[PDB]
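As structure tokens, the structure follows; a few thoughts come after it.
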There are 4 protein chains.
Amino acid sequence: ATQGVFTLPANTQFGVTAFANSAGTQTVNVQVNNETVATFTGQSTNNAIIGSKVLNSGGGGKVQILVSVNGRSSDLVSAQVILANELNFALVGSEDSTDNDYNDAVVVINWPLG
Amino acid sequence: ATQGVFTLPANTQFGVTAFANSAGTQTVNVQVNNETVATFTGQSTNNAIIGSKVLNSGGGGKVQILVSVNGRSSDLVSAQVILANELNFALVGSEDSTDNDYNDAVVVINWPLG
Amino acid sequence: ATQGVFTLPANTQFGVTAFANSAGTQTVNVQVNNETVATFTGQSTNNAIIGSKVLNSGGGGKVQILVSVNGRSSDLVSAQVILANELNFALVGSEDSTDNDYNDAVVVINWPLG
Amino acid sequence: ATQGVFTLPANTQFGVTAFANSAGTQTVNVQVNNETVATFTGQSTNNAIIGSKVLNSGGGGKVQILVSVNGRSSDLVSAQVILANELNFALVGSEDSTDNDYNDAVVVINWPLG
Ligand SMILES: C[C@@H]1O[C@H](CNS(=O)(=O)c2cccs2)[C@@H](O)[C@H](O)[C@@H]1O
Ligand SMILES: C[C@@H]1O[C@H](CNS(=O)(=O)c2cccs2)[C@@H](O)[C@H](O)[C@@H]1O
Ligand SMILES: C[C@@H]1O[C@H](CNS(=O)(=O)c2cccs2)[C@@H](O)[C@H](O)[C@@H]1O
Ligand SMILES: C[C@@H]1O[C@H](CNS(=O)(=O)c2cccs2)[C@@H](O)[C@H](O)[C@@H]1O
Ligand SMILES: [Ca+2]
Ligand SMILES: [Ca+2]
Ligand SMILES: [Ca+2]
Ligand SMILES: [Ca+2]
Ligand SMILES: [Ca+2]
Ligand SMILES: [Ca+2]
Ligand SMILES: [Ca+2]
Ligand SMILES: [Ca+2]
């Protein structure tokens with residue numbers, strides 16, 4: 001299945017934060033309504049934050065996460081969880097190799113903000 | 001129900017990150033096996049990271065998040081989600097007032113690392 | 001926080017299924033847009049299904065689960081999870097006593113159907 | 001990523017329930033520690049329960065769900081969610097064709113029981 005794609009409410013501020021746990025340099029691409037709106041590049045084997053930004057979901061609400069290492073697309077896993085029918089987390093793990101820890105870049109999207 | 005309490009695998013490194021979305025100064029206490037091991041204090045209305053640390057879950061694996069504003073406990077909501085039977089997120093929202101956005105401090109615990 | 005309340009897309013068919021794990025006879029009230037549309041009454045200590053129905057979320061999309069035993073409201077826990085940005089689960093546990101297993105009545109809501 | 005694989009606590013009773021939403025006859029295979037322990041076969045386009053059983057996770061705690069239609073493996077999506085650090089749901093969707101509703105067979109695993 002396609003992973004790393006989420007439908008947000010329209011015109012909503014959201015946070016996106018990425019962590020790295022890999023020997024490979026991670027590139028995290030964030031698209032909103034099919035346009036790249038943030039890129040995070042970094043390397044850590046100890047969960048360093050490689051980016052955190054506030055974005056707007058726009059008219060269409062479509063948010064997509066892609067992750068690559070050395071130009072190769074990582075395999076993604078994702079889900080969305082909603083607490084108290086209001087607090088939302090869109091969650092992505094990614095695997096750049098074959099140990100299958102899925103933590104090589106970890107991305108957390110949260111809304112609402114403010 | 002009690003919220004904000006999670007059982008991690010023993011002696012495992014985990015990341016804890018806290019975000020703020022409130023006019024109030026947030027205090028986030030992180031307890032491992034019933035002892036405070038980290039406290040994050042900060043203020044933001046725009047999802048600033050008020051703390052991020054790597055910790056160890058110790059023998060018992062018990063991790064608890066408490067959130068307060070000027071000594072008054074916030075109301076917590078939480079869950080744990082596991083992707084690919086391997087990548088774990090323990091998620092906490094909190095409400096310090098009456099609007100019920102539950103984002104006033106948001107806490108993300110992730111494991112494994114490395 | 002309020003638990004057991006979920007916002008579904010309007011006029012959408014959904015499944016609701018309840019399981020019992022308690023000495024007490026469980027009464028599960030399903031409300032759609034603030035009106036009772038289904039009541040499941042049953043008893044099991046071994047996860048028997050005490051109801052399964054297809055319902056419609058109606059104009060407002062509001063679905064609320066309430067659980068009682070002997071006329072006393074059980075304490076609820078809940079969350080919603082979305083897989084592949086499409087497949088929805090709304091999950092409720094309930095506690096009728098002091099052991100905090102939250103499995104006394106378990107309710108799973110799923111959509112889409114068909 | 002591999003989907004539909006879950007680690008349960010050793011030697012634990014759990015419930016497994018399968019629902020169908022497809023024109024295709026669904027075959028759900030439940031394996032405990034790499035051995036088939038249950039097979040559910042049925043068809044429905046209205047969320048009928050095609051199987052519900054209580055099973056034990058055995059020494060190794062490994063539970064795997066596989067789904068096929070006419071001998072062709074369906075594509076799976078899955079996650080596990082834990083509420084109140086106690087109530088566990090292991091969730092599987094599956095897709096047998098091209099519409100990507102992932103509801104063709106839906107499997108819910110719940111524990112603890114009793
Ligand atoms: C520390 C481990 O780093 C690998 C990725 N290492 S790598 O050199 O970037 C690659 C080797 C083959 C393809 S990429 C991670 O996948 C592991 O989980 C570890 O974090
Ligand atoms: C901007 C809003 O801030 C409040 C908290 N306001 S406060 O003045 O810190 C408090 C007043 C009484 C108790 S705390 C948040 O709850 C809202 O969600 C907004 O972020
Ligand atoms: C088997 C256990 O049943 C109780 C509820 N027992 S009861 O007789 O309904 C009550 C007694 C006082 C208040 S309700 C569950 O809460 C336990 O989890 C067990 O399943
Ligand atoms: C009603 C729809 O049924 C299909 C499956 N159709 S089928 O005839 O079983 C197949 C044909 C080729 C491969 S399987 C589901 O995928 C849809 O989601 C609908 O539920
Ligand atoms: Ca890896
Ligand atoms: Ca890694
Ligand atoms: Ca608030
Ligand atoms: Ca707020
Ligand atoms: Ca109980
Ligand atoms: Ca019980
Ligand atoms: Ca389908
Ligand atoms: Ca279908």
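Read the numbers this way: they start at 1 and go in the same order the structure lists the ligands and their atoms. Chain letters run A, B, ... following the sequence lines, proteins first and then strands; every chain starts at 1. Values below: all heavy atoms of this structure, side chains included; hydrogens, waters and symmetry mates excluded.
Separating the CG atom in C/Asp104 from the CG atom in C/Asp99 is a distance of 6.0 Å, to the nearest 0.5 Å.
Between C/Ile109 and C/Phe6 there is a side-chain heavy-atom pair separated by less than 4.5 Å. Inter-residue side-chain proximity for D/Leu55 and D/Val16 is flagged as met; some heavy-atom pair is nearer than 4.5 Å. Side-chain contact check for A/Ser73 versus A/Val67: every heavy-atom pair is 4.5 Å or farther apart.
Residues forming a side chain to side chain contact (heavy atoms under 4.5 Å, CB included) with A/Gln64 (at least two apart in sequence, or on another chain): A/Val5, A/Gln31, A/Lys62, A/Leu66.
The Ca ion (ligand 6) has an N, O or S atom of B/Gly114 inside 3.0 Å of it.
Judged by distance alone, the side chains of C/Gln26 and C/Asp96 do bring a donor and an acceptor atom under 3.5 Å apart.
Listed by chain and number, the protein atoms of type N/O/S under 3.0 Å from the Ca ion (ligand 9) are C/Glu95 OE1, C/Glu95 OE2, C/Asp99 OD1, C/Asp101 OD1, C/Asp104 OD1, C/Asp104 OD2; waters are omitted.
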